[PDB]
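In: using only what follows, build the 3D model:
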Amino acid sequence: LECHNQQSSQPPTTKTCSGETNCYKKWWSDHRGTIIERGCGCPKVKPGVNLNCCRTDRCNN
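Out: Numbering: from 1, shown residues only. The protein structure is shown below:
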């Protein structure tokens, strides 16, 4: 499964995951900025932080 890797405002980078056939994206705004991060798997959705789980390729962008 090929999903994105870049975070925050990085370039369009992807990578193949092994065993894991899922990817998720998490982001959260700060004082005067926005932090973004993606990866494979599906963590727990915590309150205050944005997170999205999907099973689509590069779905975590």
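
In: neighbours of the spatially closest residue to residue 57 that is not a sequence neighbour, how many?
Out: With sequence-adjacent residues excluded and distances taken as Cβ to Cβ, 6 or more residues apart in numbering, residue 57 is closest to residue 2, at 5.3 Å. All C-beta atoms are positioned from the backbone trio N, CA, C, and that covers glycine. With neighbours defined by other Cβ atoms under 10 Å, the count for residue 2 comes to 12.

In: look up how far residue 20 lies from residue 2.
Out: The gap separating residue 2 from residue 20 is 12 Å, by Cβ to Cβ, to the nearest Å.

In: show me what contacts the residue nearest to residue 57?
Out: With contacts taken as Cβ atoms under 8 Å, 6 or more residues apart in numbering, residue 2 has the following neighbours: 14, 15, 16, 17, 57, 58.

In: the one helix or strand residue 28 maps to - contacts with which helices or strands?
Out: Per DSSP states H and E: residue 28 is located in strand 23-29. Taking 3 or more Cβ pairs under 8 Å, 6 or more residues apart in numbering; DSSP states H and E as the contact definition, the neighbouring helices and strands of strand 23-29 are strand 2-4, strand 34-40, strand 50-54.

In: any idea which of those gets closest to residue 24?
Out: Of all the helices and strands packed on strand 23-29, strand 50-54 sits nearest to residue 24, with 4.4 Å by Cβ to Cβ.

In: what's that closest one in contact with?
Out: Strand 50-54 is touched from outside by 22, 23, 24, 25, 26, 27, 28, 42, 43, 45, 60, with contacts defined as Cβ under 8 Å, 6+ apart.

In: what pairs with residue 28 across the strands?
Out: With beta bridges defined as DSSP bridges, residue 28 has these partners: residue 35.

In: going forward, begin numbering at 53 instead of 1
Out: Yes, from this point I'll number from 53; that puts the last item at residue 80.

In: that one: neighbouring residues, count only.
Out: Look at residue 80: counted by other Cβ under 10 Å, it has 14 neighbours.

In: how close does residue 109 get to residue 64?
Out: 13 Å.
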